[PDB]
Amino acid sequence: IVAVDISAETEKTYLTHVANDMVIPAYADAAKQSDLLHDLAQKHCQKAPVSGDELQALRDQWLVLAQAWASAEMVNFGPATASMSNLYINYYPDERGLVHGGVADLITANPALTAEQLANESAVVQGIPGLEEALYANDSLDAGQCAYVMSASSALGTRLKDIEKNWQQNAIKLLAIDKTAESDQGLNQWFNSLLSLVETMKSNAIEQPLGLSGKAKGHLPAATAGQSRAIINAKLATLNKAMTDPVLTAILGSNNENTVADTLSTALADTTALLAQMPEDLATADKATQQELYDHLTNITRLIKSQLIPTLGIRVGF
């Protein structure tokens, strides 16, 4: 229960490294992937209806984008939460299945939909789950469905670039980088954000949709695409990148608390190895294997709350 000593300068340097090497690149990558999805849709929709190889390429690029945003979700505060932009980006959980019915109604009502028009439409009919629904509704995209995919990926691109620009401008204020000498506000928010990533993942994405504790509630991420394993893997790899980061392991490895970084690294590697032997759609896995995945995720939250957070001298909960 002995907390390591972190200087105001070491903390400032770590938080600056987190903004520049993890937060800003994750948002930049999600924006880049949304731009590539838009550009591919703009190209293929000139020869509408879109099917075969062209529709598969749009579906494959949607997954690359869904994986990039899953990684960017390691941050649960700041610009991504402004004017609930994150729900316009990824409306999840969707316990009442509002995305499915809304997207089709919107396309019927607006066959010549524009990206700007979606700003006044609900968050439920756009973003990553909106695009998923439009790309997986049929084995063909007609003129109206084509206009939606271009509008939604364009509106998504604009929101992601605005978040990236906001972090580039206000990183110091957002992570209290200049106030490390008086408070650990930045370090506390950052690790509680990482804890929230695995907590909302094991609860909303694993326990509840697979009905491990009781009756099933909600859906797995990428349920329509059947690519839940790819979403959980992207989140695990991002958490592993943060936990096995040499800058952080040096902060933890000041005494005998070097065992904290070793136990977290081993636990993340075991979860990744277990996920790799499961199917593309985690819902089609055995009930015992799904329970094993939940148990591994519960052990990671345990290690963060009881070993990582007290060693860093911060608190469970923001």
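When you see a residue number, it is the position in the sequence shown, counting from 1.
A.B. asks: Do the CA atoms of 191 to 199 or those of 148 to 156 have the higher mean B-factor in the entry?
C.D. replies: Averaged over C-alpha atoms, the B-factors run higher in 191 to 199.
A.B. asks: Mean C-alpha B factor from the entry: is it higher for 89 to 97 or for 209 to 217?
C.D. replies: Looking at the record's C-alpha B-factors, the answer is 209 to 217.
A.B. asks: Can you tell me which of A288, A28, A57, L65 has the highest Cα temperature factor in the record?
C.D. replies: Answer for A288, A28, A57, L65: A288, with the highest C-alpha B-factor.
A.B. asks: Place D39 in the lowest, middle or highest third of its chain's C-alpha B-factors, as listed in the PDB entry.
C.D. replies: It falls in the bottom third of the chain.
A.B. asks: Is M22 in the lowest, middle or highest third of its chain when residues are ranked by C-alpha B-factor?
C.D. replies: Middle third.
A.B. asks: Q33's Cα B-factor: lowest, middle or highest third of the chain?
C.D. replies: It falls in the bottom third of the chain.
A.B. asks: According to the PDB entry, is the CA B factor of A181 in the bottom, middle or top third of its chain, that is, lowest, middle or highest?
C.D. replies: It belongs to the highest third of the chain when residues are ordered by C-alpha B-factor.
A.B. asks: Using the B-factor values recorded in the entry, state whether the Cα atom of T284 falls in the lowest, middle or highest third among the modelled residues of its chain.
C.D. replies: Within its chain, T284 is a middle-third residue by C-alpha B-factor, going by the deposited values.
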